[PDB]
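Visitor: Below is one structure. I have some questions about it.
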Amino acid sequence: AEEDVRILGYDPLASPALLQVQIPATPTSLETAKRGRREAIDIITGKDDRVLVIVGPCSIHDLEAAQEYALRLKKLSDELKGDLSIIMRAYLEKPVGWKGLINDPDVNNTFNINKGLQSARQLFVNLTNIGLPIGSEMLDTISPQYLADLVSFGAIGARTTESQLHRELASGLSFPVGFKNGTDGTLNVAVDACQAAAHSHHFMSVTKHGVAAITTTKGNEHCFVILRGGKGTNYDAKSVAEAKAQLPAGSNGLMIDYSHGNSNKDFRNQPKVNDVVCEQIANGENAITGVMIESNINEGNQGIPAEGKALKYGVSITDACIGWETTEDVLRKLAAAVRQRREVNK
Amino acid sequence: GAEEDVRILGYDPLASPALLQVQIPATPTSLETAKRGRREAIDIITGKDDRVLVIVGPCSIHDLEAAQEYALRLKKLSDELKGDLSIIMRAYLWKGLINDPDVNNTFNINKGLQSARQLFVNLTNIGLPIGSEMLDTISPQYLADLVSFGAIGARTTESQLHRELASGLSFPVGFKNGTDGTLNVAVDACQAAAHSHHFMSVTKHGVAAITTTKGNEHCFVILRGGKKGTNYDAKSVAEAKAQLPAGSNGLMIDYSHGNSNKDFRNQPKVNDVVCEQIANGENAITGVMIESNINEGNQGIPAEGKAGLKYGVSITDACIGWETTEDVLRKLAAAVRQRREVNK
Ligand SMILES: N[C@@H](Cc1ccccc1)C(=O)O
Ligand SMILES: [Mn+2]
Ligand SMILES: [Mn+2]
């Protein structure tokens with residue numbers, strides 16, 4: 001009986017329940033998470049005229065830099081509360097390079113998931129603890145069981161939007177899920193994802209106790225489409241009109257990613273994409289409910305030098321971000337477009 | 001308190017892989033058949049054998065009886081063309097034999113996994129290797145020991161999760177090109193699955209653990225059409241070959257799906273066009289995939305639960321009949337026999 005010939009070995013893994021006790025969620029963290037979901041829900045369903053903003057680092061590899069950023073974003077968040085509902089990007093990784101905070105939390109090319117999950121959860125607690133909601137990519141069917149309670153928003157990356165596995169997973173998450181369009185630039189797959197995630201599914205996951213079980217979902221009605229470019233960009237009126245053209249009756253507000261395929265090989269293009277999105281918003285576009293910005297403390301990205309995490313401070317080690325000030329503007333300018341759009345509807 | 005699982009209606013007890021593997025044990029024959037299939041598949045996709053790897057069979061199995069009759073027929077034909085073709089049966093698992101084993105929206109996974117495994121044992125038991133789609137990251141743990149070939153479908157080839165899974169399977173894995181007709185994603189999948197990965201899967205005992213893979217060097221690309229159009233023609237094969245990196249394995253061409261272009265009657269055609277590239281010396285094509293069954297076409301699921309279903313007819317994709325299949329395979333058989341001459 002030939003089995004596991006390509007499996008070098010298994011390693012003990014702390015269960016979700018165990019991790020949730022080790023690194024408990026403060027009452028604030030749990031309240032922050034609930035609030036974020038409520039606000040996000042109202043915005044993508046049309047009940048609120050504010051714009052949902054998922055902004056923050058491409059990926060977090062430094063909890064101390066992520067905390068400084070959170071404080072800054074929490075303040076700005078306080079000044080633009082009337083127009084913008086801001087959620088922080090607390091992403092673990094990118095698509096060859098650094099494997100992410102869960103796999104390689106030490107950023108030294110060593111794998112250590114147990115410590116990774118600890119960092120991941122501690123991070124989420126630290127952030128939501130200061131009152132700042134967070135969003136992350138739903139990488140797999142197990143990992144969310146360690147962090148789902150502190151998350152207000154979940155995104156299903158372009159490479160997995162067609163994955164039956166990720167559609168079933170979304171149908172059972174306790175928060176809004178954004179499905180990015182295909183890497184080939186089409187929306188059909190993201191529209192189908194939302195339809196599917198709305199139904200009830202029966203899949204196999206692990207319980208809070210680390211055991212495999214047959215899960216049964218309720219269906220998620222808070223799934224929307226995210227426009228992020230592809231084989232070209234799609235944040236322009238002509239493209240948005242084609243998108244709207246594809247959403248079924250009742251579909252939720254579109255979200256737009258200023259990066260990746262939309263800034264096509266350059267973070268400097270994020271502010272430009274903001275103008276082209278702010279325009280449509282001020283002129284009265286109601287289908288654009290949310291935006292996604294990859295910003296950091298200091299612009300650009302970088303690589304890991306000979307040594308590990310000691311590396312330019314506040315600088316992404318994956319996709320390049322825009323600096324902070326460039327972010328202050330981009331958001332104040334988006335808040336304006338929100339107000340100006342508030343009038344056109346009156 | 002907190003607010004998790006608000007969309008989780010509930011969990012259900014699930015027999016562990018180890019438990020299932022004892023309940024429905026694999027006969028020595030089943031285990032030998034599985035090993036043989038992998039060896040033959042490996043030799044063919046790596047260039048060591050001039051035969052053509054053939055993954056043929058139903059689009060999906062919903063009837064173990066009908067699947068067994070078909071297996072016997074295919075086993076007898078497989079015995080005859082064993083000199084030119086290495087046949088592995090399509091035994092892919094409406095959600096599937098696993099989610100709805102009874103076919104009536106009553107999702108009984110435990111029974112589904114039993115049927116799934118019993119089926120795999122029944123088939124491999126008569127000496128016929130089998131192949132299936134690597135659905136999720138847990139399911140295989142209940143059937144790997146019986147599988148000779150695993151395919152990742154178009155909608156998952158880009159999934160990091162499925163690339164890591166392939167890197168730890170004990171058999172060759174075929175990655176289908178994107179639903180948009182491109183091969184870049186399938187080529188990247190093969191590159192990725194060749195490396196070692198660290199993911200979370202469940203053990204034979206139903207517990208979550210950190211898995212570490214060795215890397216799989218037996219991953220190839222499957223051409224199955226797409227938006228950009230069908231791709232079984234020589235110019236497509238050629239453009240494909242030009243994109244294959246150093247050390248890639250032999251290409252496989254799916255006759256149905258995006259290449260049959262919504263009409264199963266086009267499979268015999270793709271064959272001919274592909275059989276011609278082979279009979280003239282094309283060695284880049286080492287495998288073919290065919291959605292076949294006892295009776296051509298497909299159907300739906302009547303209010304009459306399931307016992308009101310046409311026998312030997314697919315309840316998913318349309319397939320060609322046994323009759324029409326035995327040709328395709330005989331022509332393909334010959335196309336190979338020819339190739340060996342052109343290379344002689
Ligand atoms: N046991 C599988 C590998 C595997 C391990 C863990 C999870 C899923 C699959 C095989 O022999 O191919
Ligand atoms: Mn990024
Ligand atoms: Mn099919």
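Identifiers for the structure tokens are assigned positionally: chains receive A, B, ... in sequence, residues are indexed from 1 per chain, and ligands are indexed from 1 in the order shown.
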Can you tell me which residues surround region 260-276 of chain A at a distance of at most 10 Å, considering only C-alpha atoms, apart from same-chain residues fewer than 3 positions away, and format the answer as a PyMOL selection string?
Guide: chain A and resi 183-185+227-237+256-257+279-281+291-295+299-301+319-323+326-327+329-331+333-334+337
Visitor: Compute the set of protein, DNA and RNA residues whose minimum atom distance to ligand 3 is at most 12 Å, using only C-alpha atoms and all ligand atoms, and state it as an MDAnalysis selection string.
Guide: chainID B and resid 56:61 90:93 96 132:133 151 153:154 224 254:260 262 264 289:293 297:298 314:320
Visitor: Let's have the selection written as a compact mmCIF listing (two decimals), in the first residue's frame, with N, CA, C and O atoms.
Guide:
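Okay, this is what ended up in part25.txt:
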# COMPACT_ATOMS: atom_id res chain seq x y z
N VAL B 56 -9.69 7.48 -19.60
CA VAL B 56 -11.03 7.39 -20.19
C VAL B 56 -12.09 6.81 -19.24
O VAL B 56 -11.80 5.93 -18.42
N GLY B 57 -13.32 7.31 -19.36
CA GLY B 57 -14.40 6.84 -18.51
C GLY B 57 -15.48 7.89 -18.31
O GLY B 57 -15.38 9.01 -18.82
N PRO B 58 -16.53 7.56 -17.53
CA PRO B 58 -17.65 8.47 -17.26
C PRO B 58 -17.20 9.84 -16.80
O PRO B 58 -16.10 10.01 -16.29
N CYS B 59 -18.07 10.82 -16.99
CA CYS B 59 -17.77 12.18 -16.55
C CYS B 59 -17.75 12.15 -15.03
O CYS B 59 -16.92 12.79 -14.38
N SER B 60 -18.67 11.38 -14.46
CA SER B 60 -18.79 11.21 -13.01
C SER B 60 -19.55 9.92 -12.74
O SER B 60 -20.41 9.52 -13.52
N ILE B 61 -19.21 9.25 -11.64
CA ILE B 61 -19.87 8.00 -11.29
C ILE B 61 -20.98 8.24 -10.27
O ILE B 61 -20.76 8.86 -9.23
N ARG B 90 -11.62 6.96 -15.81
CA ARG B 90 -12.09 8.18 -15.19
C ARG B 90 -13.10 7.76 -14.12
O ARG B 90 -14.13 7.16 -14.43
N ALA B 91 -12.79 8.06 -12.87
CA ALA B 91 -13.68 7.71 -11.77
C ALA B 91 -13.85 8.96 -10.92
O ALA B 91 -13.62 8.94 -9.72
N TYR B 92 -14.25 10.05 -11.55
CA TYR B 92 -14.43 11.28 -10.81
C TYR B 92 -15.65 11.23 -9.87
O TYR B 92 -16.66 10.59 -10.19
N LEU B 93 -15.53 11.89 -8.71
CA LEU B 93 -16.60 11.97 -7.71
C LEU B 93 -17.06 13.42 -7.57
O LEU B 93 -16.31 14.28 -7.07
N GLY B 96 -21.82 15.14 -6.21
CA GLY B 96 -20.95 14.00 -6.47
C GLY B 96 -21.21 12.82 -5.55
O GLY B 96 -21.81 12.96 -4.49
N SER B 132 -8.82 10.32 -10.72
CA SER B 132 -9.91 11.12 -10.21
C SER B 132 -9.47 12.56 -10.05
O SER B 132 -8.28 12.84 -10.12
N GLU B 133 -10.41 13.48 -9.83
CA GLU B 133 -10.05 14.87 -9.64
C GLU B 133 -9.76 15.11 -8.17
O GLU B 133 -10.48 14.64 -7.29
N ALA B 151 -6.13 14.62 -11.28
CA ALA B 151 -6.22 15.80 -12.11
C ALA B 151 -6.71 17.01 -11.33
O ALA B 151 -7.55 16.87 -10.45
N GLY B 153 -8.66 20.47 -11.84
CA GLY B 153 -9.48 21.07 -12.88
C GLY B 153 -9.19 22.52 -13.18
O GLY B 153 -8.54 23.20 -12.37
N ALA B 154 -9.69 23.00 -14.32
CA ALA B 154 -9.48 24.39 -14.74
C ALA B 154 -9.75 25.44 -13.67
O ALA B 154 -8.96 26.38 -13.51
N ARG B 224 -7.38 21.56 -22.60
CA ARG B 224 -8.81 21.30 -22.61
C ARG B 224 -9.69 22.42 -23.18
O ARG B 224 -10.87 22.49 -22.89
N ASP B 254 -7.23 16.75 -23.50
CA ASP B 254 -8.60 16.36 -23.16
C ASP B 254 -9.45 16.57 -24.42
O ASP B 254 -9.45 17.66 -25.00
N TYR B 255 -10.16 15.52 -24.85
CA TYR B 255 -11.02 15.61 -26.03
C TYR B 255 -12.35 16.32 -25.74
O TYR B 255 -12.90 16.99 -26.62
N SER B 256 -12.89 16.17 -24.53
CA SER B 256 -14.17 16.81 -24.24
C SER B 256 -13.98 18.16 -23.61
O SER B 256 -12.93 18.78 -23.77
N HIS B 257 -15.00 18.62 -22.90
CA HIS B 257 -14.95 19.92 -22.27
C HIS B 257 -14.70 21.01 -23.32
O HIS B 257 -15.26 20.95 -24.42
N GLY B 258 -13.88 21.99 -22.98
CA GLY B 258 -13.63 23.07 -23.91
C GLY B 258 -13.17 22.71 -25.32
O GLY B 258 -13.15 23.59 -26.18
N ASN B 259 -12.80 21.46 -25.57
CA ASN B 259 -12.34 21.11 -26.91
C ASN B 259 -13.39 20.40 -27.74
O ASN B 259 -13.27 20.33 -28.96
N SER B 260 -14.41 19.86 -27.08
CA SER B 260 -15.50 19.18 -27.79
C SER B 260 -16.50 20.28 -28.17
O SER B 260 -17.44 20.06 -28.95
N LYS B 262 -18.97 22.00 -26.42
CA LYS B 262 -20.36 21.81 -26.03
C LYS B 262 -21.11 20.67 -26.74
O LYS B 262 -22.31 20.49 -26.52
N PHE B 264 -20.59 16.58 -27.39
CA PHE B 264 -19.81 15.36 -27.19
C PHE B 264 -19.48 14.59 -28.46
O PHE B 264 -18.56 13.78 -28.46
N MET B 289 -7.45 12.39 -22.79
CA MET B 289 -8.50 12.25 -21.80
C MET B 289 -9.84 12.22 -22.54
O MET B 289 -10.14 13.09 -23.36
N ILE B 290 -10.66 11.22 -22.23
CA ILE B 290 -11.94 11.06 -22.89
C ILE B 290 -13.12 10.78 -21.96
O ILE B 290 -13.08 9.82 -21.18
N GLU B 291 -14.16 11.61 -22.03
CA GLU B 291 -15.35 11.41 -21.22
C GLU B 291 -16.19 10.40 -21.99
O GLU B 291 -16.78 10.73 -23.02
N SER B 292 -16.21 9.17 -21.50
CA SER B 292 -16.91 8.07 -22.13
C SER B 292 -17.89 7.45 -21.14
O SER B 292 -17.88 7.79 -19.97
N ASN B 293 -18.75 6.56 -21.62
CA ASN B 293 -19.71 5.89 -20.74
C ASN B 293 -20.35 4.74 -21.49
O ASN B 293 -20.00 4.50 -22.64
N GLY B 297 -24.37 10.49 -24.66
CA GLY B 297 -25.12 11.59 -24.08
C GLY B 297 -25.27 11.62 -22.58
O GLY B 297 -24.53 10.96 -21.83
N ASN B 298 -26.24 12.40 -22.13
CA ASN B 298 -26.53 12.54 -20.71
C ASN B 298 -28.03 12.69 -20.47
O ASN B 298 -28.84 12.41 -21.36
N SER B 314 -24.75 9.38 -18.30
CA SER B 314 -24.22 10.39 -17.40
C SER B 314 -25.28 11.35 -16.86
O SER B 314 -26.25 11.67 -17.56
N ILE B 315 -25.10 11.79 -15.62
CA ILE B 315 -26.03 12.75 -15.04
C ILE B 315 -25.30 14.09 -14.88
O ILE B 315 -25.68 14.92 -14.07
N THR B 316 -24.25 14.27 -15.67
CA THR B 316 -23.48 15.52 -15.68
C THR B 316 -23.09 15.83 -17.14
O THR B 316 -23.98 16.10 -17.95
N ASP B 317 -21.81 15.78 -17.50
CA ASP B 317 -21.42 16.07 -18.89
C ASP B 317 -21.85 14.96 -19.83
O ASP B 317 -21.96 13.80 -19.43
N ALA B 318 -22.08 15.31 -21.09
CA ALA B 318 -22.47 14.34 -22.09
C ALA B 318 -21.24 13.51 -22.44
O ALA B 318 -20.13 14.05 -22.52
N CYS B 319 -21.42 12.22 -22.67
CA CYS B 319 -20.31 11.35 -23.00
C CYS B 319 -20.60 10.54 -24.24
O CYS B 319 -21.75 10.46 -24.69
N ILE B 320 -19.57 9.95 -24.82
CA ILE B 320 -19.77 9.13 -26.00
C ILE B 320 -20.11 7.74 -25.47
O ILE B 320 -19.88 7.46 -24.30
Visitor: Please report as a PDB file with N, CA and C atoms, in the first residue's frame which residues of chain B come no farther than 8 Å from chain A, using only C-alpha atoms.
Guide:
ATOM      1  N   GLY B   1     -20.571  38.014  24.117  1.00  0.00           N
ATOM      2  CA  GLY B   1     -19.319  37.270  23.782  1.00  0.00           C
ATOM      3  C   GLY B   1     -18.776  37.583  22.392  1.00  0.00           C
ATOM      4  N   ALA B   2     -18.457  36.537  21.629  1.00  0.00           N
ATOM      5  CA  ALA B   2     -17.936  36.677  20.265  1.00  0.00           C
ATOM      6  C   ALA B   2     -19.062  36.421  19.258  1.00  0.00           C
ATOM      7  N   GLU B   3     -18.712  36.203  17.993  1.00  0.00           N
ATOM      8  CA  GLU B   3     -19.736  35.958  16.976  1.00  0.00           C
ATOM      9  C   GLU B   3     -19.233  35.123  15.799  1.00  0.00           C
ATOM     10  N   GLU B   4     -18.709  33.935  16.076  1.00  0.00           N
ATOM     11  CA  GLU B   4     -18.236  33.081  14.996  1.00  0.00           C
ATOM     12  C   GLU B   4     -19.362  32.128  14.617  1.00  0.00           C
ATOM     13  N   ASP B   5     -19.134  31.346  13.569  1.00  0.00           N
ATOM     14  CA  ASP B   5     -20.093  30.350  13.096  1.00  0.00           C
ATOM     15  C   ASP B   5     -21.580  30.752  12.938  1.00  0.00           C
ATOM     16  N   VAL B   6     -21.881  32.050  12.874  1.00  0.00           N
ATOM     17  CA  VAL B   6     -23.261  32.508  12.687  1.00  0.00           C
ATOM     18  C   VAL B   6     -23.829  31.965  11.374  1.00  0.00           C
ATOM     19  N   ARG B   7     -22.951  31.594  10.446  1.00  0.00           N
ATOM     20  CA  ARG B   7     -23.381  31.053   9.159  1.00  0.00           C
ATOM     21  C   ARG B   7     -23.064  29.562   9.066  1.00  0.00           C
ATOM     22  N   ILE B   8     -22.690  28.976  10.204  1.00  0.00           N
ATOM     23  CA  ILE B   8     -22.404  27.543  10.275  1.00  0.00           C
ATOM     24  C   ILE B   8     -23.588  26.852  10.966  1.00  0.00           C
ATOM     25  N   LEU B   9     -24.403  26.147  10.190  1.00  0.00           N
ATOM     26  CA  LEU B   9     -25.565  25.472  10.741  1.00  0.00           C
ATOM     27  C   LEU B   9     -25.206  24.330  11.677  1.00  0.00           C
ATOM     28  N   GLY B  10     -23.988  23.822  11.564  1.00  0.00           N
ATOM     29  CA  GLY B  10     -23.581  22.733  12.432  1.00  0.00           C
ATOM     30  C   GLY B  10     -22.575  21.771  11.835  1.00  0.00           C
ATOM     31  N   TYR B  11     -21.863  21.061  12.702  1.00  0.00           N
ATOM     32  CA  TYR B  11     -20.871  20.089  12.265  1.00  0.00           C
ATOM     33  C   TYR B  11     -21.412  18.676  12.462  1.00  0.00           C
ATOM     34  N   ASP B  12     -20.867  17.728  11.719  1.00  0.00           N
ATOM     35  CA  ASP B  12     -21.305  16.352  11.846  1.00  0.00           C
ATOM     36  C   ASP B  12     -20.111  15.429  12.015  1.00  0.00           C
ATOM     37  N   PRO B  13     -20.274  14.373  12.824  1.00  0.00           N
ATOM     38  CA  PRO B  13     -19.186  13.429  13.047  1.00  0.00           C
ATOM     39  C   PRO B  13     -18.787  12.802  11.725  1.00  0.00           C
ATOM     40  N   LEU B  14     -17.479  12.682  11.528  1.00  0.00           N
ATOM     41  CA  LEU B  14     -16.920  12.135  10.305  1.00  0.00           C
ATOM     42  C   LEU B  14     -15.928  11.002  10.565  1.00  0.00           C
ATOM     43  N   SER B  16     -12.815   8.821  10.397  1.00  0.00           N
ATOM     44  CA  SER B  16     -11.473   9.206   9.974  1.00  0.00           C
ATOM     45  C   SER B  16     -11.000   8.360   8.793  1.00  0.00           C
ATOM     46  N   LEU B  31      -4.211  -2.728  -4.496  1.00  0.00           N
ATOM     47  CA  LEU B  31      -2.978  -2.009  -4.207  1.00  0.00           C
ATOM     48  C   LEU B  31      -1.905  -2.214  -5.271  1.00  0.00           C
ATOM     49  N   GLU B  32      -1.911  -3.376  -5.914  1.00  0.00           N
ATOM     50  CA  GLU B  32      -0.923  -3.642  -6.944  1.00  0.00           C
ATOM     51  C   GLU B  32      -1.317  -2.888  -8.215  1.00  0.00           C
ATOM     52  N   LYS B  35      -0.329   0.739  -8.003  1.00  0.00           N
ATOM     53  CA  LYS B  35       1.104   0.960  -8.169  1.00  0.00           C
ATOM     54  C   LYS B  35       1.518   0.834  -9.620  1.00  0.00           C
ATOM     55  N   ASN B  99     -20.832  13.833  -1.844  1.00  0.00           N
ATOM     56  CA  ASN B  99     -21.779  14.726  -1.196  1.00  0.00           C
ATOM     57  C   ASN B  99     -23.198  14.164  -1.200  1.00  0.00           C
ATOM     58  N   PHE B 107     -27.325  15.050   1.307  1.00  0.00           N
ATOM     59  CA  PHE B 107     -25.917  15.107   1.681  1.00  0.00           C
ATOM     60  C   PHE B 107     -25.522  14.199   2.847  1.00  0.00           C
ATOM     61  N   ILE B 109     -22.359  12.580   3.538  1.00  0.00           N
ATOM     62  CA  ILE B 109     -20.935  12.400   3.267  1.00  0.00           C
ATOM     63  C   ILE B 109     -20.355  11.068   3.773  1.00  0.00           C
ATOM     64  N   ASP B 136     -10.855  18.404  -2.873  1.00  0.00           N
ATOM     65  CA  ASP B 136     -10.428  19.180  -1.715  1.00  0.00           C
ATOM     66  C   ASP B 136      -9.142  18.610  -1.175  1.00  0.00           C
ATOM     67  N   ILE B 138      -8.735  17.207   1.824  1.00  0.00           N
ATOM     68  CA  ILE B 138      -8.942  16.122   2.788  1.00  0.00           C
ATOM     69  C   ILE B 138      -9.348  14.810   2.137  1.00  0.00           C
ATOM     70  N   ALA B 144      -6.255   7.986  -1.622  1.00  0.00           N
ATOM     71  CA  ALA B 144      -4.946   8.020  -2.280  1.00  0.00           C
ATOM     72  C   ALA B 144      -4.332   6.655  -2.583  1.00  0.00           C
ATOM     73  N   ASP B 145      -4.345   5.761  -1.596  1.00  0.00           N
ATOM     74  CA  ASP B 145      -3.761   4.427  -1.747  1.00  0.00           C
ATOM     75  C   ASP B 145      -4.323   3.626  -2.921  1.00  0.00           C
ATOM     76  N   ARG B 155     -10.849  25.298 -12.939  1.00  0.00           N
ATOM     77  CA  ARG B 155     -11.173  26.269 -11.903  1.00  0.00           C
ATOM     78  C   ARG B 155     -10.251  26.260 -10.676  1.00  0.00           C
ATOM     79  N   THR B 156      -9.387  25.253 -10.561  1.00  0.00           N
ATOM     80  CA  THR B 156      -8.482  25.215  -9.407  1.00  0.00           C
ATOM     81  C   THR B 156      -6.975  25.236  -9.680  1.00  0.00           C
ATOM     82  N   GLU B 158      -5.067  27.428 -10.571  1.00  0.00           N
ATOM     83  CA  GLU B 158      -4.403  28.615 -10.044  1.00  0.00           C
ATOM     84  C   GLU B 158      -4.367  28.634  -8.519  1.00  0.00           C
ATOM     85  N   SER B 159      -5.151  27.752  -7.904  1.00  0.00           N
ATOM     86  CA  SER B 159      -5.256  27.682  -6.453  1.00  0.00           C
ATOM     87  C   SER B 159      -3.978  27.214  -5.757  1.00  0.00           C
ATOM     88  N   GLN B 160      -3.381  28.108  -4.977  1.00  0.00           N
ATOM     89  CA  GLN B 160      -2.176  27.806  -4.232  1.00  0.00           C
ATOM     90  C   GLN B 160      -2.423  26.520  -3.450  1.00  0.00           C
ATOM     91  N   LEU B 161      -3.595  26.443  -2.849  1.00  0.00           N
ATOM     92  CA  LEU B 161      -3.990  25.304  -2.049  1.00  0.00           C
ATOM     93  C   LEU B 161      -3.877  23.978  -2.810  1.00  0.00           C
ATOM     94  N   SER B 167       1.824  18.706  -4.750  1.00  0.00           N
ATOM     95  CA  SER B 167       3.220  18.519  -4.392  1.00  0.00           C
ATOM     96  C   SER B 167       3.423  17.422  -3.353  1.00  0.00           C
ATOM     97  N   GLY B 168       2.337  16.861  -2.829  1.00  0.00           N
ATOM     98  CA  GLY B 168       2.462  15.816  -1.832  1.00  0.00           C
ATOM     99  C   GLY B 168       1.689  14.560  -2.168  1.00  0.00           C
ATOM    100  N   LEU B 169       1.187  14.445  -3.394  1.00  0.00           N
ATOM    101  CA  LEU B 169       0.439  13.254  -3.773  1.00  0.00           C
ATOM    102  C   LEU B 169       1.399  12.189  -4.272  1.00  0.00           C
ATOM    103  N   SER B 170       1.055  10.928  -4.053  1.00  0.00           N
ATOM    104  CA  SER B 170       1.906   9.816  -4.455  1.00  0.00           C
ATOM    105  C   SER B 170       1.697   9.337  -5.885  1.00  0.00           C
ATOM    106  N   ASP B 180      -9.927  30.365 -19.436  1.00  0.00           N
ATOM    107  CA  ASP B 180      -9.818  31.401 -20.458  1.00  0.00           C
ATOM    108  C   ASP B 180      -8.946  30.945 -21.641  1.00  0.00           C
ATOM    109  N   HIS B 198       4.537  23.554   2.806  1.00  0.00           N
ATOM    110  CA  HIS B 198       4.110  23.354   4.186  1.00  0.00           C
ATOM    111  C   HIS B 198       2.686  23.828   4.355  1.00  0.00           C
ATOM    112  N   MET B 200      -1.654  22.867   5.848  1.00  0.00           N
ATOM    113  CA  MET B 200      -2.435  22.229   6.889  1.00  0.00           C
ATOM    114  C   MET B 200      -3.438  21.271   6.270  1.00  0.00           C
ATOM    115  N   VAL B 202      -5.386  17.066   7.246  1.00  0.00           N
ATOM    116  CA  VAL B 202      -5.720  16.235   8.385  1.00  0.00           C
ATOM    117  C   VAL B 202      -4.946  14.931   8.237  1.00  0.00           C
ATOM    118  N   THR B 203      -4.608  14.318   9.361  1.00  0.00           N
ATOM    119  CA  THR B 203      -3.873  13.058   9.341  1.00  0.00           C
ATOM    120  C   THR B 203      -4.816  11.907   9.061  1.00  0.00           C
ATOM    121  N   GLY B 206      -7.871  11.819  11.324  1.00  0.00           N
ATOM    122  CA  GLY B 206      -8.842  12.897  11.374  1.00  0.00           C
ATOM    123  C   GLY B 206      -8.471  14.135  12.167  1.00  0.00           C
ATOM    124  N   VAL B 207      -7.188  14.304  12.453  1.00  0.00           N
ATOM    125  CA  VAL B 207      -6.724  15.458  13.209  1.00  0.00           C
ATOM    126  C   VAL B 207      -5.967  16.419  12.308  1.00  0.00           C
ATOM    127  N   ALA B 208      -6.069  17.707  12.612  1.00  0.00           N
ATOM    128  CA  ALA B 208      -5.386  18.730  11.834  1.00  0.00           C
ATOM    129  C   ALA B 208      -3.897  18.719  12.162  1.00  0.00           C
ATOM    130  N   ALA B 209      -3.055  18.814  11.139  1.00  0.00           N
ATOM    131  CA  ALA B 209      -1.614  18.836  11.347  1.00  0.00           C
ATOM    132  C   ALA B 209      -0.887  19.623  10.268  1.00  0.00           C
ATOM    133  N   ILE B 210       0.354  19.995  10.550  1.00  0.00           N
ATOM    134  CA  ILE B 210       1.185  20.729   9.605  1.00  0.00           C
ATOM    135  C   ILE B 210       1.860  19.717   8.670  1.00  0.00           C
ATOM    136  N   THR B 211       1.424  19.664   7.416  1.00  0.00           N
ATOM    137  CA  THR B 211       2.004  18.737   6.446  1.00  0.00           C
ATOM    138  C   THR B 211       3.243  19.328   5.748  1.00  0.00           C
ATOM    139  N   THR B 212       4.179  18.469   5.373  1.00  0.00           N
ATOM    140  CA  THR B 212       5.380  18.918   4.675  1.00  0.00           C
ATOM    141  C   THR B 212       5.549  18.015   3.473  1.00  0.00           C
ATOM    142  N   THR B 213       5.504  18.593   2.276  1.00  0.00           N
ATOM    143  CA  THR B 213       5.626  17.798   1.059  1.00  0.00           C
ATOM    144  C   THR B 213       7.048  17.695   0.511  1.00  0.00           C
ATOM    145  N   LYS B 214       7.253  16.685  -0.323  1.00  0.00           N
ATOM    146  CA  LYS B 214       8.544  16.410  -0.933  1.00  0.00           C
ATOM    147  C   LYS B 214       8.692  17.125  -2.277  1.00  0.00           C
ATOM    148  N   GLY B 215       7.563  17.374  -2.935  1.00  0.00           N
ATOM    149  CA  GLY B 215       7.569  18.012  -4.232  1.00  0.00           C
ATOM    150  C   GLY B 215       7.196  16.910  -5.195  1.00  0.00           C
ATOM    151  N   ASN B 216       6.438  17.234  -6.234  1.00  0.00           N
ATOM    152  CA  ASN B 216       6.014  16.232  -7.207  1.00  0.00           C
ATOM    153  C   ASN B 216       6.604  16.556  -8.578  1.00  0.00           C
TER     154      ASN B 216
END
Visitor: Give the answer as one residue: which of A:241, A:134, A:23, A:86 has the shortest atom-to-atom distance to residue 51 (chain A), using only C-alpha atoms?
Guide: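 Of A:241, A:134, A:23, A:86, the one nearest residue 51 (chain A), counting only C-alpha atoms, is A:86.
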Visitor: Between CA of residue 108 (chain A) and CA of residue 192 (chain B), what is the distance, to one decimal in Å?
Guide: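 So the two atoms, CA of residue 108 (chain A) and CA of residue 192 (chain B), lie 20.2 Å apart.
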